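A.B. asks: okay, here's the opening piece of the assembly, coordinates as they are in the complex:
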Amino acid sequence: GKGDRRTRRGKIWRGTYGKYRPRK
Amino acid sequence: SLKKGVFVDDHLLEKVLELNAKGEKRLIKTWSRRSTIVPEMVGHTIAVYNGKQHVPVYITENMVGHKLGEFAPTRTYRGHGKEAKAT
Amino acid sequence: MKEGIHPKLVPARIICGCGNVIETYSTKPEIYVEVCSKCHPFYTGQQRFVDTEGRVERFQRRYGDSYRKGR
Amino acid sequence: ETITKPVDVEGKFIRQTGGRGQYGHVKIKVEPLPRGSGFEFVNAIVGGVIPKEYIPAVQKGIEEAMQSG
């Protein structure tokens, strides 16, 4: 899913945070 | 897609607005293809630079949340012709 | 007349998101509607969906109008 | 001898079957001048589509083969 922005992996990869990977 | 600001060149804006004081000639060419299509100015004929020449744009009004540049394609292209490899 | 084929012919409801409208007499009950929400005849319409969000409030009638260019 | 109406033509010379060497095709514009003007060579070379070396060579062929009409 590394290219799927709407996911855990997707975010981690892109190096960002959001609704799908909150800043803890 | 900028922010809480809306952008337009102060001097492309003037020529326009002071013109709305009386209204007239569409002879108004600007190189500011970078400024937002003048909402409070729906009807003049703007001559947006093409990088080569000034392409007049009727600028109707259905086009207000855009830029004067979106109406002056800067590249010229009309299909390709032949390939050739071996080099 | 013509027996058979013909629709059914029955009244229903013309809803409307801006007050009642035509009186049943077609063949449809529900529908988006929107008679006109602004007619259009000459004016009272031309609601030109272009309204630059929050117009004015910024970049307005300033910068110094024409000025004493006459001198 | 001389021409009456200005003409534009292309000179081709492709040599590549076995592949020994290669070729040197070119195009030119030829038009008549007032009587007594003689010969003239217009060096209209753009971004260098032709080497500043083969030019006199393509001219020593025009001028040369220009002997007999």
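C.D. replies: That came through fine. Numbers count the residues shown, from 1 in each chain, chains lettered A, B, ... in the order given.
A.B. asks: Up against chain B, what does chain C have?
C.D. replies: Residues of chain C lying close to chain B by Cβ under 8 Å from any Cβ of the partner chain are C:48, C:50, C:52, C:55, C:58, C:59, C:61, C:63, C:65, C:66. Placement of C-beta: from N, CA and C, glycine included.
A.B. asks: Residue B:73: what's it in contact with?
C.D. replies: Neighbour list for residue B:73: residue B:50 [criterion: Cβ atoms under 8 Å, 6 or more residues apart in numbering or on different chains].
A.B. asks: Relative to residue D:41, how far out is it?
C.D. replies: 40 Å (Cβ to Cβ, to the nearest Å).
A.B. asks: Can you report phi and psi for the residue most central in space within chain A?
C.D. replies: Note on chain A: the residue nearest the mean C-alpha position is residue A:11, at 1.6 Å, using Cα atoms, centre = their mean. Torsion angles at residue A:11 (phi, psi; degrees, to the nearest 10) stand at phi -70, psi -60.
A.B. asks: try residue B:57
C.D. replies: phi -130, psi 120.
A.B. asks: Now do the buried residues in stretch A:13-24.
C.D. replies: Buried residues in stretch A:13-24, counting neighbours by 16 or more other Cβ atoms under 10 Å in any protein chain shown, are found at residue A:21.
A.B. asks: Provide a list of residues in contact with the nearest residue to residue B:58 once chain neighbours are set aside.
C.D. replies: Once flanking residues are discounted, residue B:58 sits nearest to residue B:45: 5.8 Å by Cβ to Cβ, 6 or more residues apart in numbering or on different chains. By Cβ under 8 Å, 6+ apart, residue B:45 lies in contact with B:26, B:28, B:56, B:57, B:58, B:59.
A.B. asks: Report how many residues lie close to residue C:21.
C.D. replies: 14 (other Cβ atoms under 10 Å in any protein chain shown).
A.B. asks: could you measure it against residue C:32, distance?
C.D. replies: From residue C:21 to residue C:32 the distance is 12 Å (Cβ to Cβ).
A.B. asks: Next: residue B:35.
C.D. replies: 38 Å.
A.B. asks: Another chain to add, chain E:
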Amino acid sequence: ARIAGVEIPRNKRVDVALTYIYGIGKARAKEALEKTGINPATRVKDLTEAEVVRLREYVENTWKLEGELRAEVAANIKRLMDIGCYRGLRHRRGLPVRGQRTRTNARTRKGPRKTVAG
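C.D. replies: Chain E, in position alongside the others:
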């Protein structure tokens, strides 16, 4: 369970089923379910008339789905073809519009395997 249109998921979780609508992603979908007291993990093949319409009401009233939406896009698309909009001449030419590269790739908006070598 005809919802927005004629799409009746079933045999599949309600949260995943809805998805099959043209305007319902795992997002919105998962919302409507908690705004209708419906248990997500419940198969459609178990939804009660109550819940079914009790849900059909929300989904089908809030935002504009299948078809309705479809038309929207088409409209927006054609509107970009006005006086000379670039993002518009882009749809016309049939190439990418989001500033992509065309020297290579761009296949998603072109014909796979065109060839033409002189």
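A.B. asks: so, the contacts of residue B:45 revisited with chain E in the model?
C.D. replies: B:26, B:28, B:56, B:57, B:58, B:59.
A.B. asks: same thing but 10 Å
C.D. replies: Contacts for residue B:45 (Cβ atoms under 10 Å, 6 or more residues apart in numbering or on different chains) come out as B:25, B:26, B:27, B:28, B:29, B:56, B:57, B:58, B:59.
A.B. asks: Now the fifth one: closest residue in space that isn't a chain neighbour?
C.D. replies: When you say that, I think you mean residue B:29. Nearest to residue B:29 is residue B:47, by Cβ to Cβ, 6+ apart, at 3.2 Å.
A.B. asks: hang on, the earlier thing: and the contacts of residue B:45 as a markdown table, adding secondary structure and neighbour count?
C.D. replies: Output for those, formatted as a markdown table (DSSP: H, G, I helix; E, B strand; the rest coil; neighbours: other Cβ atoms under 10 Å in any protein chain shown):
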| residue | secondary structure | neighbour count |
| --- | --- | --- |
| B:25 | coil | 8 |
| B:26 | coil | 14 |
| B:27 | coil | 9 |
| B:28 | strand | 18 |
| B:29 | strand | 17 |
| B:56 | strand | 16 |
| B:57 | strand | 21 |
| B:58 | coil | 15 |
| B:59 | coil | 22 |
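A.B. asks: what about the residue nearest to residue B:29, which helix or strand?
C.D. replies: strand B:46-49 (DSSP states H and E).
A.B. asks: Need the CA coordinates for that strand. CSV is fine.
C.D. replies: What follows is strand B:46-49 as a C-alpha-only set of coordinates in CSV (Å, rounded to 0.1, in the frame of the first residue of the first chain):
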residue,chain,number,x,y,z
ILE,B,46,-7.2,41.4,-21.8
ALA,B,47,-4.1,40.9,-23.9
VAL,B,48,-2.2,38.3,-21.9
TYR,B,49,1.4,37.8,-23.0
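A.B. asks: what does it rub up against?
C.D. replies: Here strand B:46-49 has contacts from B:12, B:15-16, B:26-35, B:37-38, B:53-59, B:67-72, B:74, E:84, using Cβ under 10 Å, 6+ apart.
A.B. asks: in its sheet, what does that strand sit against?
C.D. replies: strand B:28-30 (parallel), strand B:54-57 (antiparallel) (DSSP bridges).
A.B. asks: and chain F on top of that:
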Amino acid sequence: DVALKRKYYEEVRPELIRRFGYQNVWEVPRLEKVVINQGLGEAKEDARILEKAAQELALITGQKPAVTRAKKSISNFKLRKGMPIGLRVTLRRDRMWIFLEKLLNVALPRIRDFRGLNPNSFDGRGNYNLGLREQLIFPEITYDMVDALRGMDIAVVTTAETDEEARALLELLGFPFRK
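C.D. replies: To build on what is shown above, here is chain F added in:
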């Protein structure tokens, strides 16, 4: 009970009589027919017919349409001595109002678009004839049954004459116009 009905008998009818009018209770501009031809979108029938335009469009006006067929030779159009390529529907009286009125001021709208009806479009006897870009888009939608964007071309024949007498009848009846 009828919708417009009144609109014409009550309104329009008098504004005309004295704006024109006079003498007879007959030489007053009034509609008498409402026909409408589809043609079959941007691609005609084909042995595998279409007839959905029939069944659907039929009841989008309340009453099945007929089927017209070409004539003469075609050559570069694909047709022949004809059969079919038509499918149109006339109709007057009641249905004329109901179709255009319970669709005139509520239906015609919605379709994402500009100003009013093309002005210079009338002739003599005042009949007009608009012609939306077909686009079966609204009214009476109830989706599904969606195969082609086929729509139509509406013909409205009225009494009257000239263009004013005619136009006055529509304009004062509910026909937004001129750009």
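A.B. asks: can you check the neighbour count of residue C:21 again with chain F included?
C.D. replies: 18.
A.B. asks: residue in chain D nearest to chain C?
C.D. replies: Sorted by distance to chain C under Cβ to the nearest Cβ, the residues of chain D start with residue D:47, at 45.3 Å.
A.B. asks: From chain E, how far out is that residue?
C.D. replies: Per Cβ to the nearest Cβ, to the nearest Å, residue D:47 is found 21 Å from chain E.
A.B. asks: For that residue, the count of nearby residues, please.
C.D. replies: By other Cβ under 10 Å, neighbour count at residue D:47 equals 5.
A.B. asks: For chain E, see how far away the residue nearest to residue C:66 when sequence neighbours are not counted is.
C.D. replies: In this structure, residue C:66 finds its nearest non-sequential neighbour in residue B:18, 5.2 Å apart by Cβ to Cβ, 6+ apart. Residue B:18 is 25 Å from chain E, where distance means Cβ to the nearest Cβ.
A.B. asks: Correct me if wrong: residue B:18 contacts residue B:41.
C.D. replies: No. Taking contacts as Cβ atoms under 10 Å, residue B:18 lies outside contact range of residue B:41: 11.3 Å.
A.B. asks: Next up, the contacts around residue B:51.
C.D. replies: Neighbours of residue B:51 in contact, by Cβ under 10 Å, 6+ apart: B:31, B:33, B:69, B:72, B:74, B:75.
A.B. asks: Cross-check the contact I'm expecting between the fifth one and residue E:84.
C.D. replies: What it means is residue B:74. No. The pair residue B:74 / residue E:84 is not scored as a contact, 11.7 Å apart, by Cβ under 10 Å.
A.B. asks: Indicate the residue of chain C located nearest to chain B.
C.D. replies: residue C:52 (4.0 Å).
A.B. asks: That residue in helix, strand or coil?
C.D. replies: coil (DSSP: H, G, I helix; E, B strand; the rest coil).
A.B. asks: count of neighbours near the nearest residue to residue B:50 once chain neighbours are set aside?
C.D. replies: The shortest distance from residue B:50 to any non-neighbouring residue, by Cβ to Cβ, 6+ apart, is to residue B:72 (5.0 Å). As a burial measure, residue B:72 scores 22 neighbours (other Cβ under 10 Å).
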